[PDB]
2 protein chains.
Amino acid sequence: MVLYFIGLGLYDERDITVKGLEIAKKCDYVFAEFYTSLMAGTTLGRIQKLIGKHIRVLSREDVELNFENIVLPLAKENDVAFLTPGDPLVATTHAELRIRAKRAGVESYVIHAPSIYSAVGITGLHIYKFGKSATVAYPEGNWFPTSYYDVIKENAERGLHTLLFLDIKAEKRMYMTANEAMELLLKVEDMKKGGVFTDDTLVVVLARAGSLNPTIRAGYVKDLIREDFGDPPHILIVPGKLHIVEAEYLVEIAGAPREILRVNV
Amino acid sequence: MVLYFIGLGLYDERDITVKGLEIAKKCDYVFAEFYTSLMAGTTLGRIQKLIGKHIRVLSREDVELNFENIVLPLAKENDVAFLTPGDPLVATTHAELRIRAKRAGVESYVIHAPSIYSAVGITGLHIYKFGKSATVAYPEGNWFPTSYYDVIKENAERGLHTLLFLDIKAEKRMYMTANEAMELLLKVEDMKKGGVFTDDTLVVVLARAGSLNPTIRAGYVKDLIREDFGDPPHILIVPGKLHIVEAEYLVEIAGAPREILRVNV
Ligand SMILES: Nc1ncnc2c1ncn2[C@@H]1O[C@H](CSCC[C@H](N)C(=O)O)[C@@H](O)[C@H]1O
């Protein structure tokens, strides 16, 4: 007689918290969605094995349109869990699902898990210096999203870093790479011409955070735009003005050009 | 030859990930630091019991001054773990420790865990709308730091939310409460008169994130400044203009007054 929103973490089934695992193991029914993000290091089977329960996977439509018809009814007389990649309430609209739970008379609890939003700390960039975030969405038809460009501009002007979540089309198995994101940004630049994103812009790419050997790379767009960062998921970051210690880390750990060590105070 | 940076998560001994626990159990030596923050819902003893390894606690000086003399030597010929509250490398000073490892010829890997930086998603506020973050420091003597006030001003005027980490005297285990933080901000306002923080400002308090029963409250300073939010730790957020969905969550889940639907959206 309760609904748990449990995050599964960044990369594989072991990124779930012990708390989340112990609770999931005792739930009567377990649901999950895998369209908000990509866990490149595991499979449904491995997750099912770990929690020792059958997992019913829901599609975006099942959730957004029928969460209260598929999940909530069972949570009224059973302990139910709803699993999601990363943290269930980060860069998703799942928070609203707690309201549906309330109105249906179902108490809900949230169990957090490692999120890419904080995992970016592994790039060596100070977390507090990250400003507003944005998502680079695939253009479709005659529609070419550009809001993310303005976010970079606004943050950069304040000396803040910009985290760019990359698009995902789970049902089509399409995961935007940092390369594709850079290509899109260069096109927006040509259009708006704000000097925000060019071949000389310093960027940082983090691929498969959560794995033991994620790809962490820093350098100029002109040099990284055609580099292989390995399998998805990928995230792209456009740093603002760097502290010397941030630059040192990018050079030593992310292989950035040693010239960035010479910051322009 | 290997050093593992392992996050302990948000609140108690079960907030570590399954991955972190299993790796920690297999390490020859386990170190930990509790100066960047504390784990309020557990004890060193309960953490040791779960990991089944003796844990050597390091002070800020041990790490900042002697990390390469205390931890790295053992990591040269053994598998060593370095536990930290939250997500490793969110704390600004942690990143450079990976450079020390490199310099010492020691491999290092990061095992993530939930961080309050991403856990604030439980407030219903969209993660992408959070801007620069800041820490409210206790004033003392003739020193009255106020940079955090400016951070709120710059975020808010851009329509962004501001995450305020509250001061903590780790060694002394003393936590700044959201109440104390509100009183401080009102004092700074009286001095700067920027119209940034007043009795009419809408704030959100998140207490004991990670716990199954965190306190999540939203309302105007005039009404929350003397409210009891429960045991530490406390986090204070000053949201910017709200999306209606954010507001409805604050009302339905955080007990915010209906007034926010018309005044703060
Ligand atoms: N392990 C990982 N490595 C790199 N990027 C990741 C990632 N996990 C998620 N992302 C990024 O974030 C996007 C999903 S947004 C959903 C995020 C999730 N709730 C969380 O807490 O992490 C992906 O398309 C990708 O750009």
Side-chain angles (χ1 to χ4, degrees), chain A residues 5-17 20 32-42 60 63 82-97 110-123 125 130 133-138 148 162-182 184-185 203-217 229-238 254, chain B residues 7 9-10 17 19 87 90 110-122 126-128 130 209:
Chain A
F5 287 82
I6 308 178
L8 295 179
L10 307 164
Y11 184 70
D12 57 56
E13 77 290 333
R14 290 201 307 166
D15 286 323
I16 188 176
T17 60
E33 61 85 355
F34 291 102
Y35 62 79
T36 56
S37 186
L38 176 65
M39 297 189 73
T42 190
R60 182 181 287 279
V63 176
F82 177 55
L83 315 176
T84 74
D87 181 292
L89 305 181
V90 175
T92 76
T93 54
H94 291 332
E96 179 272 323
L97 299 178
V110 178
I111 312 304
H112 302 282
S115 175
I116 186 62
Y117 183 66
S118 66
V120 292
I122 196 175
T123 63
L125 296 173
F130 277 76
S133 302
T135 297
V136 177
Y138 278 124
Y148 53 80
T162 301
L163 169 65
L164 301 171
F165 293 98
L166 303 188
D167 209 351
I168 175 179
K169 297 290 184 180
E171 283 184 53
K172 299 180 179 177
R173 301 253 277 286
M174 285 184 69
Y175 315 104
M176 184 181 285
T177 59
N179 312 78
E180 301 178 311
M182 285 181 254
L184 289 172
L185 276 162
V203 298
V204 179
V205 177
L206 175 58
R208 304 177 307 291
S211 70
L212 279 292
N213 294 288
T215 296
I216 309 175
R217 288 277 301 116
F229 299 113
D231 294 328
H234 293 183
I235 204 69
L236 180 70
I237 295 173
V238 174
Chain B
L10 304 159
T17 63
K19 174 177 292 171
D87 193 15
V90 166
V110 179
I111 294 65
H112 299 278
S115 168
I116 186 58
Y117 183 64
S118 54
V120 289
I122 197 169
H126 302 322
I127 236 59
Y128 82 92
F130 279 80

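Basis for what follows: all heavy atoms, side chains included, without hydrogens, waters or symmetry-related copies. Atoms within a ligand are numbered from 1 in the order they appear, just like the ligands themselves. So you know, we letter chains A, B, ... as the sequences are listed, proteins then strands, and number each from 1.
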- Which residues satisfy the ring-ring contact (aromatic ring centres under 6.0 Å, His included) test with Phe165(A), sequence neighbours excluded?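 ring-ring contact (aromatic ring centres under 6.0 Å, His included) check on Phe165(A) returns nothing, list empty.
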- Item | Sub-4.5 Å side-chain heavy-atom contact between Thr215(A) and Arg208(A) |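 Side-chain contact under 4.5 Å: yes.
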- Message: Are the side chains of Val203(A) and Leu236(A) in contact, using a 4.5 Å heavy-atom criterion?
- Response: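 The answer is yes, as the side chains (C-beta and beyond) meet within the 4.5 Å cut-off.
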- Mind checking side-chain contact (heavy atoms from CB on, under 4.5 Å) for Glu96(A) and listing every partner two or more places apart, or none if nothing turns up?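 side-chain contact (heavy atoms from CB on, under 4.5 Å) check on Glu96(A) returns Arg100(A), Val245(B).
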- Task: Apply side-chain contact (heavy atoms from CB on, under 4.5 Å) to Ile6(A) and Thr84(A), showing your working.
- Result: CA-CA 6 Å; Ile6(A) 308 178; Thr84(A) 74; over 6 Å; no
- Message: Heavy-atom contacts with ligand 1 below 4.0 Å: which residues, ordered by chain and residue number?
- Response: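 Within the 4.0 Å shell of ligand 1, which is judged on heavy atoms, sit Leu10(A), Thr36(A), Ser37(A), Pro85(A), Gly86(A), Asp87(A), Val90(A), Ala91(A), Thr92(A), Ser115(A), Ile116(A), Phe165(A), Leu166(A), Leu206(A), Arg208(A), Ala209(A), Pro233(A), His234(A), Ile235(A).
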- Which residues share a side-chain hydrogen bond (donor to acceptor under 3.5 Å, both in side chains) with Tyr148(A), sequence neighbours left out: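 Listed in chain order: nothing, the list is empty.
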